[PDB]
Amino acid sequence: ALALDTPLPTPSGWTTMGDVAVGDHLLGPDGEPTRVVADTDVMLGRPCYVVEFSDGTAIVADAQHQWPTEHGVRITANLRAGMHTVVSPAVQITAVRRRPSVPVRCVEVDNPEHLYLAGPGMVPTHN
């Protein structure tokens, strides 16, 4: 679901979607450690998107990656500029467009909101 070079914060610092392993820890919606309990392989040929955010950061995700918005969970293919990514000043999505397919990968974490922080801006996203 996210491009492999997407940086993700960790209790020790930073990793990437390409490097993070089951049993590692990411950061949950409150910034506390949250365990990775499942993943996907690296997946090829999925339709990819760039999501640009108001904090000056951007994340490449596939069409079906899920995002927590004020309207509820939306997949990337349904994001619209103006929406925000929230955990319950929320960062705003400023643009969404298709981009050529790159390798992507998803992970699942075990906090009750099923959210982890992603990108250099530490934006909330859904597993």
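Residue indices: 1-based, along the sequence shown.
Asker: Tell me which of 72 to 80 and 57 to 65 has the higher mean C-alpha B-factor in the deposited entry.
Answerer: Result: 72 to 80.
Asker: So, looking at the entry's B-factor column for Cα atoms, which has the higher mean, 89 to 97 or 46 to 54?
Answerer: Mean B over CA atoms: larger for 89 to 97.
Asker: In terms of CA temperature factor as recorded, identify the highest of 11, 23, 119, 18.
Answerer: Spelled out: the listed residue with the top C-alpha B-factor is 23.
Asker: Based on the deposited C-alpha B factors for this chain, I'd like to know if residue 123 is in the lowest, middle or highest third.
Answerer: As the PDB entry reports it, the C-alpha B-factor of residue 123 lands in the lowest third of its chain.
Asker: According to the PDB entry, is the CA B factor of residue 2 in the bottom, middle or top third of its chain, that is, lowest, middle or highest?
Answerer: As the PDB entry reports it, the C-alpha B-factor of residue 2 lands in the lowest third of its chain.
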